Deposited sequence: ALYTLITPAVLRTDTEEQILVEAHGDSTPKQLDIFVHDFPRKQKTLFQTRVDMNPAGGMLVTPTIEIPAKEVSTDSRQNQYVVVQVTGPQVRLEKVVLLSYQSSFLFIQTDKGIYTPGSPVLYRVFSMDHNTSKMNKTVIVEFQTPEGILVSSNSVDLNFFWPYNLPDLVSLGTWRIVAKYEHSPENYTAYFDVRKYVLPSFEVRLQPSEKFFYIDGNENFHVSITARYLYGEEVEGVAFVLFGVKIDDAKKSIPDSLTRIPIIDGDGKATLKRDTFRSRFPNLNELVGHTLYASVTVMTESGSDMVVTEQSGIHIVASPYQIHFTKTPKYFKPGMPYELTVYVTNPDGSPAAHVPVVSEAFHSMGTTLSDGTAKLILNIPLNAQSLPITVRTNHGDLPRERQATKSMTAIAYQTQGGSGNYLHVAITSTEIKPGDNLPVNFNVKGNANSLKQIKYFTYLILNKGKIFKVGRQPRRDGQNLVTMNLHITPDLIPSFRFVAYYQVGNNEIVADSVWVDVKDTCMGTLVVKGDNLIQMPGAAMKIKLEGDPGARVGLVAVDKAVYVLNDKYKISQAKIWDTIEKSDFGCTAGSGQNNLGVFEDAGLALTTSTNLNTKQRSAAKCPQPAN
């Protein structure tokens, strides 16, 4: 009686896409045909299979579809996913993406001299591809289809444009891409490195404190540098740097160490008007010369935010909708001004008399009890750090809105995860909680749930519900497949007519999904020495290697590949746009990155773009 089709709200070409087809209130076995056609003309059948839906399977099927990029090329593209069978005809138009997976470029260095080869690899998270080089002026100078097994070095000419070059890797027809950068400069490697340590990671916009940078200068072979440093402070306003000329200071570097100081008085004389500072950063340019004058290194301490508080409160990890008469889980996210998580910070919502202290991931979950009658929910949170005056505490407000029930039924679903700092290997209790009409609720026999990861449906399941149980608990085993995060979407249906849905966004500890370690003896070596290292990793791993002079990083360290860049890039591409729940049943699917259609014509609205709004 109720037939439903759920897909990702965006489908990728050339990759396994699970979809979910269900029959509720129907225990008759069926052969279902699954089609995918190009939209709107349906010129061709992009994909086709057939599935068996039977009682033994909960009258639920999860066919995998796959859309070949080569069948649907040429310039937003859509496809229509169609399910047909006895008494069954569902159809859904879905946005297509040409980004079949996530690509990442590794180059051998971040900086090159004229007349030298740029060596690069392209990695894909799931194993074709176009690679392009552009000059600093933005001119395309190389364009090649590459096999992900063999890459062609780009040989820089001797008469070559200086500045920041780009390598771009993309699937053909994809407006998305991965861009990496490298500098081309006339440089020689310095013989030593300069490390900078600010007195604080921030600078109070209206504070009284001075600011210091401690300088450590060490030769790359490990010994201390003696010399002199010239330090100039300034404020970076967007792109332009406005220096504080009277802050220019010359200080001795003795036994590798020195300390430069910006006096508050000097700062104020130059920047008396607080308005000019809001949103901007302090920087310190540090130029170190060895005592003999044989060598010099120029680096900069940047990104010292000029702020009124050491913390920031964010609500980006908490749902903007609540269920009246059910406890609302408020996830508070506190960061430092640079956006790293702030651990061990007390927070409080005074109006609710709720307190918590953030964990290593910077989050604290507070439970707010919500009266049955509330339709709007103003919330204000502030830090409550014992060492700060109230004026330095960070604060932030939001308003959550009540989930609108289908037809005013008053039926709700709330999925609760109490666990924190979740890591692969963990066993996570998931609570299904229902609220509403007694006669409606007795009709509930099961919850359907989907685990969404990196834009896909990763797993679908059924959770039984014995009548009487307004609380039903399930164990979820966390595997490396759920890194860097996942969504838990769930719903029940009543009377083959009403769908009630919820979802939660669950962060997972970011690590490699597998394992890779380089082990050595850690002894100091002589030039030309015989080395042995062990590479430890997963069976069948293909390992790309490189050895880089640490001196290279002294000149440039901004562009290197890393795991955090990998996970961050993936998160920025999430098809779901919110931290959970929704304005109504359809809102829950849409906001989580799912499309829904039903035999009763309950349909999620068309999605604008693959990219979640700013």
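> Can you give me the gaps, meaning deposited-sequence stretches with no C-alpha coordinates, in sequence order?
76-78, 131-137, 625-627 are the stretches of the deposited chain that have no C-alpha coordinates in the structure.
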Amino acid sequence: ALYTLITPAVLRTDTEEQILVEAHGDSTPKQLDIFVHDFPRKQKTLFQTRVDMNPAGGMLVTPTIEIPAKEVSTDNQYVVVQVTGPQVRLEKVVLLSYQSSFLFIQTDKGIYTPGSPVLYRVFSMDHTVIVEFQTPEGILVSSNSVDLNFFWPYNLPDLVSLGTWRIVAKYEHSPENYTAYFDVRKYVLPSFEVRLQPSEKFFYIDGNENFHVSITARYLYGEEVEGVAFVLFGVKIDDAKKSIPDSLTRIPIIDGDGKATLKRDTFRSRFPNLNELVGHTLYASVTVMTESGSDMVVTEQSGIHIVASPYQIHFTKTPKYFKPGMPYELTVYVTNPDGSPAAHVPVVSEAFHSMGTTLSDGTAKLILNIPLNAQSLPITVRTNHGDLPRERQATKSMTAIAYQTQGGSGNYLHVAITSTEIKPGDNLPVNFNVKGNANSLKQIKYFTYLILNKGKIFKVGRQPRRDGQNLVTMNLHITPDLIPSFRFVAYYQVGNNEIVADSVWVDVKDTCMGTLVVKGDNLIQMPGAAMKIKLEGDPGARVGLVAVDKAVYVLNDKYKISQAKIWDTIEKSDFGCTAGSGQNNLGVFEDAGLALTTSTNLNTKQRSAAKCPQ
From here on, numbers count along this sequence of modelled residues.
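> Going by the mean C-alpha B-factor recorded in the entry, which is higher: 33-41 or 47-55?
Looking at the recorded C-alpha B-factors, 47-55 comes out higher on average.
> Compare the mean C-alpha B-factor of 84-92 with that of 248-256 as given in the PDB entry, and name the stretch with the higher value.
Going by the record's values, the stretch with the higher mean is 84-92.
> Select one of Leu452, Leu441, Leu103, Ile313: the residue whose C-alpha shows the highest B-factor in the crystal structure entry.
Most elevated C-alpha B-factor of the set, per the entry: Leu441.
> Based on what the PDB entry reports, which of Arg264, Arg121, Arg195, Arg466 has the top C-alpha B-factor?
Answer for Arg264, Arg121, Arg195, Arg466: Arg466, with the highest C-alpha B-factor.
> What third of the chain does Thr164 rank in for C-alpha temperature factor, lowest, middle or highest?
Lowest third of the chain for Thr164's C-alpha B-factor.
> If you rank the chain by CA B-factor, which third does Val546 end up in: lowest, middle or highest?
Within its chain, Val546 is a lowest-third residue by C-alpha B-factor, going by the deposited values.
> Sort the modelled residues of this chain by their C-alpha B factor and say whether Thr331 lands in the lowest, middle or highest third.
As the PDB entry reports it, the C-alpha B-factor of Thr331 lands in the lowest third of its chain.
> Could you place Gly461 in the lowest, middle or highest third of its chain by Cα temperature factor, using the values in the record?
Lowest third, going by the recorded CA B-factors of the chain.
> Using the B-factor values recorded in the entry, state whether the Cα atom of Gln525 falls in the lowest, middle or highest third among the modelled residues of its chain.
For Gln525, whose C-alpha B-factor we compare with every modelled residue in the chain, the answer is the middle third.
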